[PDB]
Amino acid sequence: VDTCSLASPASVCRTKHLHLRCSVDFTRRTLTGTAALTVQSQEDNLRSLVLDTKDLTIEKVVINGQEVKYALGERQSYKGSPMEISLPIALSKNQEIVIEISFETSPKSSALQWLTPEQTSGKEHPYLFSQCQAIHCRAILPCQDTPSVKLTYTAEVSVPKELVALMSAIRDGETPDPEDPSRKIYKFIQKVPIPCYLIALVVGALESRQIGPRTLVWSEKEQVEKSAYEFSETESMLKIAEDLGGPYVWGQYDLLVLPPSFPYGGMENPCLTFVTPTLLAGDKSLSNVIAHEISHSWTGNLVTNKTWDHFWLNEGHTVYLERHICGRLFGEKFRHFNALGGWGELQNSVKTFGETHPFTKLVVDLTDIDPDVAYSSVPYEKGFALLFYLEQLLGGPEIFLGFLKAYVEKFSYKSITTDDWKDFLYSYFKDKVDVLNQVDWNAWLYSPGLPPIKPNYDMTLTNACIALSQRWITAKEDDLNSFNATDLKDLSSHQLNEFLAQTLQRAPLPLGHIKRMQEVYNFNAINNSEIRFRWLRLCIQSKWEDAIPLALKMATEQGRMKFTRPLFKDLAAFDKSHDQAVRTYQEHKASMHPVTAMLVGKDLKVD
């Protein structure tokens, strides 16, 4: 059972198909139209069913050409309101009907951000984008909002004719809107069954550039050239991912570069990966995010978590594939470097939450938890750490990659639990069950804190980062003039980032050390979002008042939660910036992504 959904479960009925016909009204900030659900009964004598909704206005429900009775339940906080629908005729098992629901969204839909022209690159046209993961699809349309149900979809979206709509689907044509010659209808088809959290919509002044045989990049015109260069490795990464996972089944692999308020690094919407413009470093150094989103085309989008309690299956296996793509491109020492960095991120999460915190468990119970509040790097890194540990236990990456490809083939088009994964692991590795029974499964899956065993990591690329970090931490005032711009000459951007991450783990440093770092390394000049984020955190935690305007600016000019949340929390914890942090949040709140706004508010204890 999915405790995050109020809808009828998959054991009662299953949505097979959605046909969405809607109009994007920028004056009212509403999506209006019809969701036609093809629903299959899984039981005899089915006479009603329940859908998820959140802040939706329901005009009517039509089955077999007549209006039918429906009722909205009391709202259950972040889960929304259940919508019970009375069927005109009882269904037998496996019988299908089409339920056509006329609805409108709220301007406050947690799924959507509406941008004014002033909030866009071009400043002439407004912009809309969605983000449904985990349980925001119910804030766009009525649905069984649970990843335990997979459906195909078709859509027709009416927008102002000057704008472009795109969806997590194959583009299926465009025509003038016959109801309104000021509007255009864009059509879409998703023929591969997906969980509804993968439904996505953007509407804006978008342009495209081809960057590979199956890849267009989409953005406002101002970002197209930079994006095309940044993500030029995409086709090479797809070919490697196909080698690891089997055939890419989705047709197109397009990229959309969102406005800076996009809350995540990326979102694996099928046929149209959404990415943060904070990837645009100018040197392709943040392209692991593209490898991650590509890998989701197998782990997450083909094999799906049955409930959000099992989200680690999606992210652990995806980080595992991501790091294999980066390892095939840049070498095994690089794969180990990234793996060991992820262990450090896991150490940070466990230290921040506390070692008994339930959000440090690999399998969680989200019954009365807002999934957006639970979100962290734990399922990513504790998930990856379990798979990397099993890789080493079971005979190395070639052997474990055989398991991963077999796993994707076994569970393609299905939704699974941790127990399904573990049973298949045991079946695949039948000749190594003795080894598998050495694993402390209870600790790994269900205990808080750091995992009970740390994998073995190659140190080759990490050594220079630790050595420089240790020189600065152990430095006294009389050692500061020994540091020089030459300290960095043999370090990649990745190694610079890891130097800063190592150093930030020991923050604060003395203010004179941080000022000297700026004097010799000029980190204030670096635009790479990952490096700048860690540098500004180091400066604020080390109480450098000169960094306050830089950190406020980075926290507000983009909205990737990875950066915005810790920067706000650091500025709130520094007495010199505390009031500015709160005031800046209050001033920007109305312009922010609704989920980011909610979480920054909770972080700052500002209601």
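For every residue, the number given is its place in the sequence shown, counted from 1.
Of the two segments examined, 349-357 and 122-130, it is 349-357 that shows the higher average Cα temperature factor in the deposited entry. Comparing the deposited coordinates for 242-250 and 187-195, the stretch with the larger average C-alpha B-factor is 242-250. Among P270, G316, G342, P178, the highest C-alpha B-factor in the deposited entry belongs to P178. Residues shown: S41, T38, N64, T556. Highest C-alpha temperature factor in the entry: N64. Placement of the Cα temperature factor of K589 within the chain: highest third of the modelled residues, per the deposited record. In the PDB entry, a CA B factor belonging to the lowest third of its chain's modelled residues is recorded for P508.
Ranked against the other modelled residues of its chain, the C-alpha B-factor of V68 as given in the entry falls in the highest third.
In the PDB entry, a CA B factor belonging to the middle third of its chain's modelled residues is recorded for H19.
In this PDB entry, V50 carries a Cα temperature factor that places it within the middle third of its chain's modelled residues.
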